[PDB]
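A single chain comes next, written as structure tokens; it is the form deposited in one PDB entry.
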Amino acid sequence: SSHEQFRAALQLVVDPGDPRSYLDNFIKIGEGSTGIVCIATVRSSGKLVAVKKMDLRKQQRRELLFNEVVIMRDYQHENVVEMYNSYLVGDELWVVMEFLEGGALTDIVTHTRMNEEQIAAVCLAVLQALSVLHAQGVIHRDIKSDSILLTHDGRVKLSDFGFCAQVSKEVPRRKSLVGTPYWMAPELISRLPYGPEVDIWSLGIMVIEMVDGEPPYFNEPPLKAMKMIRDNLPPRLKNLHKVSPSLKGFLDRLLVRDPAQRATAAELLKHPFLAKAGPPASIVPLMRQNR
């Protein structure tokens, strides 16, 4: 069976043993792509972690799990959710990771209005993560507000690498159709070989998400909106009156159809709009735990 082959392959990269021997008090906090995310306690230290458990028999692309456990293990960056361990518990792959108590960014963009200082803080954090990640040939391929987690004190970390991939000098592009439809880049939906630039476009969409509270064509069906992204010009902000010229100039360097002229993360780190970025304390009030 291909299933047992995949189990045995995971045993070569997964941490040995049973995690249920030092983790307890599972509190379900997330669902989705046939994988539940729980909060757990570490018996040794009492610290809290997040455990993503994915059933291997219910996956459209099992290989991506591979990616997530291989690319992200030993990865350390202040703006990236750190993975500590991974385990194979029966037919379930468990990923043990840092627990972000502040929740996701979607919860903020659907309930409140963010200012340009906070938007610039979020973007600076995401771009600092992305410059390193792309320098190592890692493409997140699912940049959206759901993939942004926060601490209680307002620190921003990138998360949900379940679609990520790696490119090299030998293999510099991907051709798979992954991501969430409304955030996908034009070259990606157009079945074109793409590189890290798709992460920039998606970041741009998230900026729209932080301005308008939703991505473009959110009302349309997924495939219809994907065709619209494929054919139409770069989408324009609905709440265009609320954004400063600096933010519009920043966003224009992100939502470029041609990936060759789309700005890179390293370039965007030099943009003046990110000077508006505030400290994590500026994100503290946006949190749901208050307001």
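Start at 1 and count along the sequence shown; that's the residue number. Under this definition, the rigid core comprises the largest set of C-alpha atoms superposing within 1.5 Å between the forms.
Although it is not shown, the form deposited with a partner chain bound is what the next lines describe.
Q: Please determine, with the chain shown alone, which of 260-268, 242-250, 37-45, 220-228 has non-hydrogen atoms within 4.5 Å of its partner chain in the entry with it bound.
A: That would be 220-228.
Q: Is it the case that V178, even though its partner is missing from this view, gets within 4.5 Å of its partner chain in the entry with it bound, heavy atoms only?
A: Although its partner chain is absent here, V178 would touch it in the entry with it bound, with heavy atoms inside 4.5 Å.
Q: Answer for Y87 alone: is it within 4.5 Å of its partner chain in the entry with it bound, judged on heavy atom distances?
A: The answer is no: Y87 has no heavy atom within 4.5 Å of its partner chain.
Q: Can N232 be called a contact residue for its partner chain in the entry with it bound at 4.5 Å between heavy atoms?
A: Contact check for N232: no, nothing within 4.5 Å of its partner chain in the entry with it bound.
Q: Applying a 4.5 Å heavy atom distance criterion, does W201 contact its partner chain in the entry with it bound?
A: The answer is no: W201 has no heavy atom within 4.5 Å of its partner chain.
Q: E197, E116, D146, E187: which sits within 4.5 Å of its partner chain in the entry with it bound by any heavy atom?
A: Of the listed residues, the single hit is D146.
Q: Do heavy atoms from each of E31, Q60 and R191 fall within 4.5 Å of its partner chain in the entry with it bound?
A: Verified in the entry with it bound; spot residues all in contact, yes.
Q: Tell me, with the core superposed, which single residue in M72, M210, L88, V81 has its C-alpha moved by at least 2 Å between the shown form and the other one.
A: Spelled out, the residue whose C-alpha shifts by 2 Å or more is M72.
Q: Core superposed first: is there a CA shift of 2 Å or greater at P235 between the shown form and the other one?
A: No, the C-alpha moves less than 2 Å.
Q: Aligning on the rigid core, do we see the C-alpha of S246 shift 2 angstroms or more between the shown form and the other one?
A: No, shifts by less than 2 Å.
Q: Would you say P222 moves between the shown form and the other one, meaning its CA shifts by 2 Å or more once the core is fitted?
A: Shift of 2 Å or more: no.
Q: Are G32 and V80 closer or farther apart at the Cα level in the entry with it bound than shown, by 3 Å or more?
A: Here the pair is farther apart than in the entry with it bound; there, closer.
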